[PDB]
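Take a look at the structure set out below.
Chains as they are written, first to last, in the entry's author numbering: chain A, 290 to 341; chain B, 237 to 341; chain C, 11 to 473; chain D, 290 to 394; chain E, 28 to 184; chain F, 447 to 473.
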């Protein structure tokens, strides 16, 4: 009954994803940016900045 | 498969493989093809019997990134490699996948 | 005053006498293989010349030696492009693909009696351990390397080795000389592995500083400097290379340090430091990960310009492809038992190791015709002689006579015996070596696109 | 008081600066390649090909190993080359320029 | 400096050098000479070419310059440095390096007694390349010892 | 000291660099 233990590599700052603008041009759905009901839900999970 | 005459087992194929060694071991047991004697110099004491000279390494894989995968993207077959330009006779296909980056336990 | 040295004959590239036509011809070998032992060649006990289980590994040069059909003996349907009298025909090379078909996986070997004394990375205390024999069993990897050279003549390596000494010097320590040699690379002579490109046969008495497979063979290395510099260009058309390595541990030798470290450079020691350990460290190369984008193979390789004056043309109807590989050098393990029981003991079983290394080749040629006239026939004879014989058109009186009368005794040999020396041509210098051969006389074709390289070529040229 | 032991890394063969021609088209200083006094001064460092052999001779020959008999020497070698291509320049040496060079050296 | 269209290849012969990689060896009882010279990979190898001066040269046609009032100089327009060997990295060491403890994972302690504690260790180097071309020899820099300032009662010597 | 005193040549295309330079000149 084996189990590994995972570990992250180096976490550089050329492979970051945030702190940049993202202009929507064509979303993959049919809903091309219209937000019915006047809300959005933005979900963000990060792990590069998880110090203790 | 590619050098087949009609060319009907590939339309499209891709691969990525990587591997490096982590440890080295040796086996146990009476060695069959024994070492010749004109290649080294003998001894006595704790060097009485020659130790078994069958080594085998172990593979251990590497980091499994997501910037260099192969799946979840479309693949438009503009011109397949052989002579069948995509046409599938007899109304069947065969896709084979081998993926060992999504193989958690 | 001063004046310009002197005029000398200048070579000329084969753009300007060899003209080319548009008659392309695929060729191609079948799947070559070999199966043998990875470390040492197994010898038969009764007859000690017949090999029983041959030696093949990943690390050797696999120098092939292709053969071609003489393209003057073709019965063409239409001879309309050349008068058969004045012209000749010769094959030119414009394609290549050197496949392989075994999976990845780097291969490891070792010696049973390596010369490890202690570890010199984080702990080597004092005093030294006592003993007379302190050899242990170690394993080590190799440096990953790939290369690929085609050309009309065999490729020439180089290696160090023991050499000629000098006159008497009254304070000269015992130390062997070194000298840079030259050779022609055979099949099976090992490639280097980061221990330098030096012979291990006449330079190591204790026989105990490499793995067993190179303990008595001379690890050459190709000579890119000399082969590029020859003005005819008949030894390289195309060459690729890629290697990497890095150290894994550090190990020091065991023996009398034959040179003494001088007294000036260290504060001398007392107590438990009466003895002074060796400074002879040797590393252990290991190599790194082997991806599948840093390969050099299964990809076509067109030519339009070689790096010399020989723009592809091969005289004498042979090529010489050499490949090295240590990305695909895995070593299997076979276990045939003796008895059939239901309990393990280590003395029932039997372990023979094995190794495979297999290949493939593919070509696509082009037929180009020399116009033979007055200024050209002299020029090829300066280059070689076997070309202007083997087209079976004549023979060359080598002088028009000489100035010296040379004193031919014809009394036939009973007074002051001159060098008689009845000659014989030996028909080649190449016959002494041992090349893997592959025949392509029976395997030409004129219709390309029933083959793999025919469909990749006919898109690349836009035809 | 601490001090760290340095170490190199994976020396490739696609990250080397030798064995390939350059072509100086515009130098960073003022002169574009003129060499007064007819000498150059090239300077090469490398520590990727810093291999170190091990030679080993003997004194007695036997059929049993001991550390006593053999002597070890270390040696090392560095084989080089150079190549150049030069051009030809004429100075129109009038009355001003003879001072322009005399202040230089 | 004007320009013309007369190029001139000038290739050296290949060079070698062979010796000991740590220190030179000098013969006893003379000591002004050396048996095997110290050659290692880490040193600089400052070559120094010489060119034949183009006013004492065999030009096949001296009817492009008027030699009463002109002069000629060479100008480099290409370069290449070949080099041939394997790709092995190298090790050095010191038999009596002043290493006291290890300080990465475990140094639980009372103090350790003794007078000498030196050991034999070995490490490699930072891998480095550079090439540079001049008309004067290149000028380095390094730290060193200096004037002690001889004053103000320096508590740290 | 390397010595290029008498190793020159005026013909470019018989030397391992001289062919690589004649293609870069477009000529």
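Virtual Cβ for every residue (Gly too), placed ideally from N, Cα, C.
> Taking the alpha carbon of residue 112 of chain E as the point to measure from, which residue in C:396, C:208, C:429, C:427 has its own alpha carbon closest?
Replying inline: That would be C:208, whose Cα lies nearest to the Cα of residue 112 of chain E.
>> Suppose only complete runs of 4+ residues qualify. What are the alpha helix (DSSP H) ranges in the region 180-220 of chain C, listed by chain order?
In response: DSSP assignment within the region 180-220 of chain C yields no whole alpha helix (DSSP H) run of 4 residues or more.
> Can residue 334 of chain D and residue 157 of chain E be called in contact, C-beta distance under 8 Å?
Replying inline: In this structure, residue 334 of chain D places its C-beta atom within 8 Å of the C-beta atom of residue 157 of chain E.
>> What residue range does the alpha helix (DSSP H) around residue 314 of chain B cover?
In response: Taken as a continuous stretch (DSSP letters only), residue 314 of chain B belongs to no alpha helix (DSSP H), as it is neither H nor E.
> What are the boundary residues of the beta strand (DSSP E) that residue 123 of chain C is part of?
Replying inline: Residues 119-124.
> Quick one: what does DSSP say residue 399 of chain C is sitting in, helix, strand or coil?
Replying inline: When DSSP states are grouped into helix, strand and coil, residue 399 of chain C belongs to the helix group.
> With 8 Å set as the bound, which would you pick, yes or no: does the beta-carbon of residue 258 of chain B sit closer than that to a beta-carbon of chain I?
Replying inline: The question asks about chain I, but that chain is absent: this structure's protein chains are A, B, C, D, E and F.
> Can you find a C-beta in chain F that's less than 8 Å from the C-beta of residue 372 of chain D?
Replying inline: Against chain F, the CB of residue 372 of chain D has a partner CB under 8 Å away; the residue lies at that interface.
> In chain D, which residues lie with their C-beta within 9 Å of the C-beta of residue 95 of chain E?
Replying inline: Ordered by position in chain D, no residue passes the 9 Å Cβ test against residue 95 of chain E, which lies about 10 Å from the chain.
>> Against chain C, which members of the region 452-463 of chain F pass a CB distance test of less than 7 Å?
In response: Taking 7 Å as the Cβ-Cβ cut-off against chain C, the residues of the region 452-463 of chain F that qualify are 457, 460, 462.
> Taking the alpha-carbon positions, what's the residue 467 of chain C to residue 301 of chain C distance?
Replying inline: Approximately 28 Å, taken between the alpha carbons.
> Identify the residues that DSSP records as bridge partners of residue 149 of chain E: which are they?
Replying inline: E:120, per the DSSP bridge assignment.
>> Which residue wins for smallest C-alpha separation from residue 452 of chain F, given the options E:84, E:171, E:105, E:93?
In response: Checking every option, the nearest Cα to that of residue 452 of chain F belongs to E:84.
>> Using beta carbons (cut-off 8 Å, strictly below), is residue 39 of chain E in contact with chain F?
In response: Judged by the 8 Å Cβ criterion, residue 39 of chain E is in contact with chain F.
> Under three-state DSSP, which class holds residue 391 of chain D?
Replying inline: Helix, per DSSP.
>> Between residue 303 of chain D and residue 98 of chain C, how many whole angstroms is the CB-CB distance? I'm expecting something under 8 Å.
In response: With 8 Å as the limit, residue 303 of chain D and residue 98 of chain C do not qualify as a contact, their Cβ atoms being about 43 Å apart.
> For the alpha helix (DSSP H) that residue 453 of chain C lies in, which residues bound it at each end?
Replying inline: In this chain, residue 453 of chain C is not harboured by any alpha helix (DSSP H), its DSSP state being neither H nor E.
>> Could you tell me the alpha carbon to alpha carbon distance between residue 309 of chain B and residue 314 of chain A, rounded to whole angstroms?
In response: Between residue 309 of chain B and residue 314 of chain A, the alpha-carbon positions lie close to 20 Å from each other.
> Where residue 12 of chain C and residue 33 of chain C are concerned, what is the direct C-alpha to C-alpha distance, given to the nearest angstrom?
Replying inline: Taking the straight line from one Cα to the other gives about 54 Å.
> Since residue 21 of chain C meets chain F, which of its residues come closer than 8 Å, beta carbon to beta carbon?
Replying inline: Going along chain F in sequence order, the residues near residue 21 of chain C (Cβ under 8 Å) are 460.
> Using a beta-carbon distance cut-off of less than 7 Å, what residues from the region 310-336 of chain D approach chain F?
Replying inline: Hits within the stretch, in order: 310, 312.
>> Can you give me the C-alpha to C-alpha distance between residue 317 of chain D and residue 390 of chain D, rounded to a whole angstrom?
In response: Going by the C-alpha atoms only, they are around 20 Å apart.
> How is the alpha helix (DSSP H) around residue 105 of chain E delimited, first residue to last?
Replying inline: Run containing residue 105 of chain E: none in the alpha helix (DSSP H); it sits in the beta strand (DSSP E), 97-107.
> From what residue to what residue does the alpha helix (DSSP H) around residue 468 of chain F run?
Replying inline: The continuous alpha helix (DSSP H) containing residue 468 of chain F extends over residues 464-470.
> CA-CA distance, residue 102 of chain E and residue 311 of chain D?
Replying inline: Their backbone Cα atoms lie some 15 Å apart in a straight line.
> For residue 142 of chain E, which option in E:126, E:54, E:149, E:77 has the closest C-alpha, if you only look at C-alpha atoms?
Replying inline: Nearest C-alpha to residue 142 of chain E: E:126.
> Name the residues in the region 351-370 of chain D whose C-beta lies less than 7 Å from a C-beta of chain E; which are they?
Replying inline: Cβ contacts with chain E come from 363, 364, 365, 366, 367, 368, 369, 370.
>> For a contact defined as C-beta to C-beta under 8 Å, what are the partners of residue 269 of chain B on chain C?
In response: Within chain C, 47, 52, 63, 362, 363 have C-beta atoms less than 8 Å from the C-beta of residue 269 of chain B, given in sequence order.
>> Could you pull the DSSP bridge partners for residue 47 of chain E from this structure?
In response: Under DSSP, residue 47 of chain E takes part in a beta bridge, and its partners are E:65.
>> Short of 9 Å Cβ to Cβ, which residues in the region 161-181 of chain E face chain C?
In response: Against chain C - using a Cβ distance shorter than 9 Å - the region 161-181 of chain E contributes no residues.
> Does any CB atom of chain D fall closer than 8 Å to the CB of residue 136 of chain E?
Replying inline: Contacts with chain D at 8 Å (Cβ-Cβ) do not include residue 136 of chain E.
>> So with CB distances below 9 Å, who are the chain F contacts of residue 105 of chain E?
In response: Those within 9 Å of residue 105 of chain E in chain F are 463, 466, 467, 470.
> Should residue 254 of chain B be flagged as near chain C, meaning a C-beta pair shorter than 8 Å?
Replying inline: By this cut-off, residue 254 of chain B is an interface position.
>> Does residue 238 of chain C come out as helix, strand or coil in the three-state DSSP assignment?
In response: The three-state reading of DSSP puts residue 238 of chain C in helix, counting H, G and I together.
> Are the beta-carbon atoms belonging to residue 200 of chain C and residue 227 of chain C less than 8 Å from one another?
Replying inline: Yes.
>> Just to confirm my understanding: we take residue 257 of chain B, look at its own chain, exclude 5 residues before and 5 after, and list those with CB closer than 6 Å. What are they?
In response: The residues are 293.
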